Amino acid sequence: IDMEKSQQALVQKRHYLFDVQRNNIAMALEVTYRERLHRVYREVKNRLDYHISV
Amino acid sequence: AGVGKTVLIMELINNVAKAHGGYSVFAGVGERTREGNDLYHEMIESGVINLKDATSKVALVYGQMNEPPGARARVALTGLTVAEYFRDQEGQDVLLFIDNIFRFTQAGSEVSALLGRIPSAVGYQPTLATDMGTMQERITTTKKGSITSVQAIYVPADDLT
Amino acid sequence: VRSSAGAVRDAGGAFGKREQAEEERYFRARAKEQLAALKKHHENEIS
Amino acid sequence: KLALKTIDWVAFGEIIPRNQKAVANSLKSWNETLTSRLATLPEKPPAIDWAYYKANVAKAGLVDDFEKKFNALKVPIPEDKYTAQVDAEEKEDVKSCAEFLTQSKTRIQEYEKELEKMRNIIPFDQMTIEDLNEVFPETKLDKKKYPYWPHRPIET
Amino acid sequence: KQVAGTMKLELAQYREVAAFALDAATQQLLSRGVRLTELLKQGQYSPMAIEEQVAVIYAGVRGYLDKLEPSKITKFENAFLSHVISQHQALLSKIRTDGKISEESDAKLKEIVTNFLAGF
Amino acid sequence: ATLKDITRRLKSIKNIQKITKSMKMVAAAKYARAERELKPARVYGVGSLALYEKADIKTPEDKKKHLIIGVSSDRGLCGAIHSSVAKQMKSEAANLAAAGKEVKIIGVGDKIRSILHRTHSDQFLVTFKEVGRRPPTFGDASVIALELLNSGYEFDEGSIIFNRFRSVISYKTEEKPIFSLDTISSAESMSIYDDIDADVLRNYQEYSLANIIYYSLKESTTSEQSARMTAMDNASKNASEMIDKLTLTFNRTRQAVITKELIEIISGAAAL
Ligand SMILES: Nc1ncnc2c1ncn2[C@@H]1O[C@H](COP(=O)(O)OP(=O)(O)O)[C@@H](O)[C@H]1O
Ligand SMILES: [Mg+2]
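Structure determination for this entry, per the PDB record, employed cryo-EM and reached 4.0 Å resolution.

So, in structure tokens, the structure goes:
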């Protein structure tokens, strides 16, 4: 009986693996977006630094 | 360096000098100025140096390692003179702490080559033993007084030879 | 040139550290045993 | 923008069947690397000093054009298509809340049934061999295989 | 001052019995010494805030890492830093501002380390 | 290095050489005594083994309980004495477990326990230390056999591994089988022996176990003392070569230091 009760207890919290997957996917998309922002910023500043160096 | 010379000498000042009726003298020869200030403040705190009354029991002389060799080679003699006076005229027991008495020798060595003397065994002045003797021979317990002399002696590179 | 007593630990090479450890481990063990005996004697002498 | 639901890990590790730990550890590691990356990136892209800069360039028109194009043009953003795993969540509701819950609860029901049946029995000093035969079908002496007395294999 | 003192004593004891490599007490002494040793390693041009150093050294010296392997201590150190710098910025700010591991701060540190160790 | 580094190293190596020479002498004396005491024990143990090689006993091929005994000492510095024994023990244990057996191990001597405490750490039925401090006696073998029988691991087959002493410079590692009375009773060669129930035969097996353990102890101690003598001699020779090289280096460094100081003095004198 107690073994089954413990199994049922674990059923409630089964969802954490999906929760982890969601957090990972969302924050990975966020990371890619921030990389895009900073990459455009860096390229443009280098681009214009070309002109000032000249 | 770094074995406990200064800590041990401070400990002795803490014990013997604090409970010693006679006077005391501390000649800091060619040592860090930080330590001179630390000793000044520790003595003020303990009470051997009293800045208000005339009950001070310690006279300090400082020739720290920022001074040119001439001053380091003579601050030992200055402290020794103060101690000698307290020995003779006051006719009383005296303590005399020196730290280090190797800087006297070393400061003597930093000018010998410029005074025209050929060096001796290891870049030391030819007059090492005589110069040290003419000083260490005035730190003595004559029949008129009594100087207890504690000396810290740096041993370069732990080499006792 | 001669040799003197207590020179293996004066050099401080590999043999010096090896000897220091061979001593320290043994005496830590014996200290543990003696402390256990001291605790036992303490308890047995309360009454 | 960012508010990530918190996790318990020792709790999380309790819910991986042995056949599925090989992916759970990899997912943990990938989460770790991505989180370190996100921490690495700054909270904002740093600003740009357009005034000073266009004041330090000859063809101020060209840098003005770049500035204006930068202002007008933006950057894209990914989507949740790679988050198709949405579907999986619903499937789990079936095992966790519909299937596993239900058969588990029925097995409970039966285990209770048996327990109270086994707890309410007459003191053994008052019972009879038929009663053992029925409460414990293990004490029955099968006549189908040992018809003769004692019905036991005497070597026992 | 609180944490590095115990760390100093532990490494001082470890250095004595180190030249070799039995009993539980000295075996655990060597284990703790090695854990602390791999804790002190570092990279280049990545200095740590003092509170972060305190967190790492506290985790290492309070017998927590004694379970882990010594080749994985760098992984721990790094991941623990990354986790704390974001989730528990408040605790680090508390330690910096108050400049000591108060009892409540110690209890927090305790629970954070206990949770993180298992979750890794 | 500098002159003081070389001086300290040279002094340390000289002390080490002195110590190894003294230990070689001690080991040689103990070896002479061990050989003297080994001759009679050699005849005694060979006699005690007489029966099994005269009435050829084949171990049953249907039993899973096996015992491995490995005889060594606590002392180190004996070269490849403990190493060979432990290597052969793990070889035999691996073979037995690959054949589907249930092996245990008895370690007579710390070094055996240590070498096998990483793998085979759980098969130790019991191990014995304090070996090698004094020459082994029949009391030691009686105690080992008594603690083997008392500890209720009724084994079905046995083996003992020891370093048989061949010559002052050489030794061999042996494996002498040990049988349990279950194998002696059911052996047809044993049908000839008269006045033999299963109780006198049990006392006989217990005594023969003590006998074989004692034989192995004597052989092992003789070989170990020989190996320690050889190892100390080689270590002293190596220390002597190192002392020669370091003395040459020290002389070079001393002369160089004299020249350097003198040139400094000369340059100072001529630079006035
Ligand atoms: N009694 C002592 N107890 C503990 N540490 C000491 C003691 N004396 C000296 N030390 C150590 O030595 C250092 C101070 O050495 P010090 O005596 O000032 O140098 P020196 O003797 O070369 O002038 C301190 O940092 C301390 O760690
Ligand atoms: Mg000093």
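1. Some points on the overall build of chain F
Counting its regular elements, chain F contains 6 helices and 5 strands. Along the chain direction, N to C, the helices and strands of chain F fall in the order α-β-α-β-α-β-α-β-β-α-α. Over its C-alpha trace chain F gives a radius of gyration of 27 Å, far above what one expects of a compact globule, namely 19 Å for 272 residues. For the C-alpha atoms alone, the extent of chain F along its principal axes is close to 110 × 40 × 25 Å. The burial tally for chain F puts 42% of its 272 residues in the buried class. Restricting the contact set of chain F to residue pairs at least 6 apart, pairs at least 24 apart contribute 78%. For chain F, the computed accessible surface area is about 14400 Å², with 56% contributed by carbon and sulfur atoms. Computed over 41 positive and 34 negative side-chain charges, the inter-centroid distance for chain F is 14 Å.

2. Some thoughts on a nonpolar patch on the surface
Nonpolar side chains collect at one region of the surface, where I192, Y193, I196 and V200 of chain F lie side by side and expose about 370 Å² of accessible area between them. The residue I196 of chain F is located in the loop between α5 (181-185) and α6 (200-270) in this model.

3. Here's the deal with the side chain of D19 of chain A
Within the fold, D19 of chain A resides in helix α2 (residues 16-53). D19 of chain A has contacts with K5 and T6 of chain D, leaving out every residue within four places of it along the chain.

4. A closer look at the nonpolar core
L65, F76, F80 and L109 of chain E are the most contacted members of the largest nonpolar core, which has 30 residues in total. Listed by contribution, the elements that provide at least two residues to this core are α1 (2-16), α2 (24-40), α3 (50-61), α4 (73-87), α5 (89-98) and α6 (103-118) of chain E.

5. With respect to the sheet that holds strand β5 (residues 170-179) of chain F
All names here are of chain F. Spatially, β3-β2-β1-β4-β5 is the arrangement adopted by the 5 strands of the open sheet, whose pairing is mixed. At either margin of the open sheet sits one strand with a lone partner, and together these are β3 (124-128) and β5. Each strand of the sheet is rotated relative to its neighbour by a mean of 20 degrees, with strand direction disregarded. When strand β1 (residues 65-71) meets strand β2 (residues 102-108), the two strands line up parallel, connected through 7 bridges. Paired with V71 across the bridge in β2 is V108.

6. Topic: the interface of chain C and chain F
Counting residues at the interface gives 12 residues for chain C and 10 residues for chain F. In total, about 870 Å² of surface goes out of reach between chain C and chain F, with carbon and sulfur atoms giving 71% of it. The interface formed by chain C and chain F holds 0 salt bridges in total. In this assembly, chain C and chain F are joined by 3 residue pairs in polar contact. Every element with two or more residues in the side of chain C that touches chain F is listed here: α1 (8-11) and α2 (14-44) of chain C. Per element, the largest residue contribution to the side of chain C that touches chain F is 3 residues, and it comes from α1 of chain C. In terms of residue class, the side of chain C that touches chain F is built from 6 nonpolar, 3 polar and 3 charged.

7. Considering the domain arrangement of chain F
Residues and elements named next belong to chain F. Entries for chain F in the domain assignment read domain 1 (1-25 + 232-272) and domain 2 (26-231). Here domain 1 and domain 2 have C-alpha centroids that lie 49 Å from each other. Contact residues are listed per partner, giving 8 residues for domain 1 and 10 residues for domain 2. Counting the surface domain 1 buries against domain 2, the share from its top three residues, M23, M25 and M232, is 65%. Linking domain 1 with domain 2 are 0 salt bridges, by the criterion used here. When contributions to the side of domain 1 that touches domain 2 are tallied by element, the ones reaching two or more residues are α1 (3-54) and α6. Residues of the side of domain 1 that touches domain 2, tallied by class, amount to 4 nonpolar, 2 polar and 2 charged.

8. What about α1 of chain E?
Residues and elements named next belong to chain E. Listed as buried for α1 are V3, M7, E10, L11 and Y14. All buried residues of α1 fall inside an arc of 95 degrees around its axis, so they share one side. Facing away from the buried side of α1, by more than 90 degrees, are the exposed residues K8 and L9. Residues of α1 that are buried make contact with α2 and α3.

9. Some details on the packing of α2 of chain A against helix α2 (residues 21-40) of chain D
α2 of chain D packs onto α2 of chain A with a crossing angle of 35 degrees between their chain directions and a minimal axis gap of 10 Å. Between α2 of chain A and α2 of chain D lies a crossing of left-handed hand. Residues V20, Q21, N24, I25, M27, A28, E30 and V31 of chain A of α2 of chain A pack against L27, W30, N31, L34, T35, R37 and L38 of chain D of α2 of chain D. Here the residues of the contact of α2 of chain A with α2 of chain D sort into 9 nonpolar, 4 polar and 2 charged.

10. Side note on the site of ligand 1
Residue and element names in this part refer to chain B. Near ligand 1, the surroundings consist of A1, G2, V3, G4, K5, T6 and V7. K5 has a polar backbone atom sitting 2.4 Å from an oxygen atom of ligand 1. For ligand 1, whose free accessible area comes to 560 Å², the fraction covered by protein is 44%.

11. A closer look at the interface of chain A and chain D
On the chain D side, the residues contacting the 38 residues of chain A number 56 residues. Where chain A touches chain D, the interface holds 3 salt bridges. Between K45 of chain A and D49 of chain D there is a salt bridge; the shortest N-O distance is 3.8 Å. If you look at where chain A meets chain D, you find 11 residue pairs in polar contact.

12. Quick look at the arrangement of the chains
The chain pair with the greatest number of contacts, out of 5 pairs of chains in contact, is formed by chains A and D. These two, chain B and chain D, are apart from each other, with no contact and a minimum C-alpha gap of 43 Å. For chain A and chain F, which are not in contact, the least C-alpha distance works out to 32 Å.

13. What to know about unusual backbone geometry
A cis geometry characterises the amide bond from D99 of chain B onward to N100 of chain B, with omega recorded as -15 degrees. Counting through the fold element by element, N100 of chain B comes out in the loop between β3 (93-99) and α4 (102-112). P150 of chain D follows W149 of chain D through a cis peptide bond whose omega is 0 degrees. Counting through the fold element by element, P150 of chain D comes out in the segment after α6 (129-135). The phi dihedral of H151 of chain D falls on the positive side, at around 75 degrees, and the residue is not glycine. With respect to the helices and strands, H151 of chain D occurs in the segment after α6. With phi around 60 degrees, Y45 of chain E is a residue other than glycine that occupies positive phi space.

14. Considering the packing of aromatic side chains
Each aromatic ring pair is specified by the distance between its two centres and by the angle formed by the two planes. For the coordinates displayed, the defined rule picks out 20 aromatic pairs over all chains. Judged by centre distance (6.4 Å) and plane angle (20 degrees), the rings of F26 of chain B and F97 of chain B are stacked. Taken together, the positions of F26 of chain B in strand β1 (residues 23-29) and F97 of chain B in strand β3 put the pair 71 residues apart, joining distant regions of the chain. Take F26 of chain B and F97 of chain B: they sit in the same class, and that class is buried. Residues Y85 of chain B and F86 of chain B carry aromatic rings whose centres are separated by 6.0 Å and whose planes lie at 70 degrees to one another, so their mutual orientation is edge-to-face. Owing to a relative accessible area of 49%, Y85 of chain B belongs among the partly exposed residues under this scheme. The structure contains a cluster of three or more aromatic residues connected by ring pairs, namely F76, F80, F116 and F120 of chain E. Note that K13 of chain A overlies the ring of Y16 of chain A, its terminal NZ or CZ placed 5.6 Å from the centroid. Its guanidinium or amino end placed over the ring of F20 of chain E, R25 of chain C lies 5.9 Å from that ring's centre, counting from NZ or CZ.

Rules of the game
- Residues numbered from 1 in each chain as written, not as in the entry; some residues may be left out.
- Chains lettered and ligands numbered in written order.
- Part of a larger assembly, values for the part shown.
- Heavy atoms only, no water.
- Residues with missing side-chain atoms left out of burial classes, pairs and counts.
- Helix = DSSP H or I, 4+ residues; strand = E, 2+ residues; numbered from the N terminus.
- Rg over C-alpha atoms; globule rule 2.2 N^0.38 Å.
- Buried < 20%, exposed > 50% of the residue type's maximum accessible area, 1.4 Å probe, protein only.
- Contact = heavy atoms within 4.5 Å.
- Areas by Shrake-Rupley, 256 points an atom, 1.4 Å probe, with all protein chains shown as cover.
- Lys, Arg positive; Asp, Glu negative; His and termini not counted.
- Charge placed at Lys NZ, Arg CZ, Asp CG, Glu CD.
- Patch = residues over 30% accessible without salt bridge, like charges linked within 9 Å, V, L, I, M, F, W, Y side chains within 5 Å.
- Salt bridge = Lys/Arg side-chain N within 4 Å of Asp/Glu carboxyl O.
- Core = buried A, V, L, I, M, F, W, Y, C linked by side-chain atoms within 4.5 Å.
- Pairing = 2+ DSSP bridges.
- Axes fitted to C-alpha atoms, helices over the stretch in contact; angles between N-to-C directions.
- Buried area = accessible area lost by both parts, 1.4 Å probe.
- Polar contact = N/O pair within 3.5 Å; in protein donor to acceptor, adjacent residues only side chain to side chain.
- Nonpolar A, V, L, I, M, F, W, Y, C, P; charged D, E, K, R; others polar.
- Domains from an automatic or database assignment.
- Arc of directions from axis to C-beta.
- Left-handed = near helix turned anticlockwise from the far one by under 90°.
- Near = heavy atom within 4 Å.
- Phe/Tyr/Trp six-rings, centres within 6.5 Å; stacked < 30°, edge-to-face > 60°.
- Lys NZ or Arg CZ within 6 Å of the ring centre and 35° of its normal.

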